[PDB]
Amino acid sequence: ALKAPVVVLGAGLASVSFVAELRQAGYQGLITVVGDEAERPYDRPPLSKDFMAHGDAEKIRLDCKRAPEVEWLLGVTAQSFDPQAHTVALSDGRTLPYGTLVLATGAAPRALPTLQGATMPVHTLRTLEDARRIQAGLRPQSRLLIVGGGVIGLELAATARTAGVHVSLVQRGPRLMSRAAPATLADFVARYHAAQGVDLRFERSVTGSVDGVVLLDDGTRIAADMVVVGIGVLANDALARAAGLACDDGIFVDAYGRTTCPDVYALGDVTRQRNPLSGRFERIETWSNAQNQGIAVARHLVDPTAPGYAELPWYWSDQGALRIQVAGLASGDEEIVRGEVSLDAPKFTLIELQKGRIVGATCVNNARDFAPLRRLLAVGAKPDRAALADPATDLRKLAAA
């Protein structure tokens, strides 16, 4: 069932959350974690937020207190594993035996093929090292180009503008946040960033670059001192692929975290898993999944009577003045707008319904509403639609009832 010793590959949030839950649940056997970064395990969301602004890494470290008696092999890369011999080969020449193996290796930013042989600074933003390297080029009045209009690029955009950096952003699609965000939210977010001086370019792609200038597919040019590419990430599933596990930009797992290989599990950004709301498999790229899936898989390993992972997806994003929170699906057959959608003191809530059932919710500067909406979302509530729009209605009431 849960066979000792436990080895976890990756030392990010999913891994930390998993090994802490193992200990809290009562497992007292060996746990060894292999982490390729030579860094005290740390959280990523600050990297495009407060960290990029203030630069104190000792404010972003994960709490490994609830994970006593774990050996963390930092700065070491797992190079392969042999699922028959039950061993992992490490880059330092050592080998770890395992009873249970857990792949928590995350994902890495996609490169932009058109900028491959570029001769100007081109970075991505995933690691503490990336953030330090980017932060060191945020010279006031310098020009930054961001490729991709996902939340991390937008968080960087807002951080950069706040630092006095001129920001341009190129987005292949007609809208920002094309992944898991209601169109109404995306349109509003574009209006916000535009108003803050971000030069937004929709429906354009990068074709290449020459001497410090980026080329676009409309035949035009954008000069920049630095490009940050943020067009999404790819699962770090190479070990799983080589060992014969079912993978496709992500290791396939069930609700117990099981891969297709006996005694090998996977969690976090590296997994492709069932979204309970859509009923489809997808790679979920959020902080809450990394933590919550790690916890669920550990809990069930120690107590096989515990249910499989069942949490519904949600995330947040801090983009200057906008505190954004998004849960569930981006769309259904109906959207209910609570409040006015306005650049003047932005504060609104969106609710997505499918045949009367809540399937998604968004809060912008409205954190008190988010928690009740997530509970209503969780039980598939079908509240009165007039009430939901009715600003008099208090949402915490409904959830309680």
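Quick note: we count residues from 1 along the sequence shown, nothing fancier.
169-177 and 324-332 differ in mean CA B-factor, and the higher of the two is recorded for 169-177. Comparing the deposited coordinates for 23-31 and 364-372, the stretch with the larger average C-alpha B-factor is 364-372.
Of the candidates 356, 46, 68, 41, the PDB record gives 356 the highest C-alpha temperature factor.
Per the deposited coordinates, the residue with the largest Cα temperature factor out of 50, 352, 37, 58 is 50. In the deposited entry, the Cα temperature factor of residue 106 places it in the lowest third of its chain's modelled residues.
Looking at the C-alpha B-factors along this chain, the one for residue 126 belongs to the lowest third.
Residue-level temperature factors show residue 300 in the middle third of its chain, judged at the C-alpha atom. Among the modelled residues of its chain, residue 204 has a C-alpha B-factor that falls in the highest third according to the deposited record. Annotation for residue 232: CA B-factor lies in the middle third of the chain's modelled residues.
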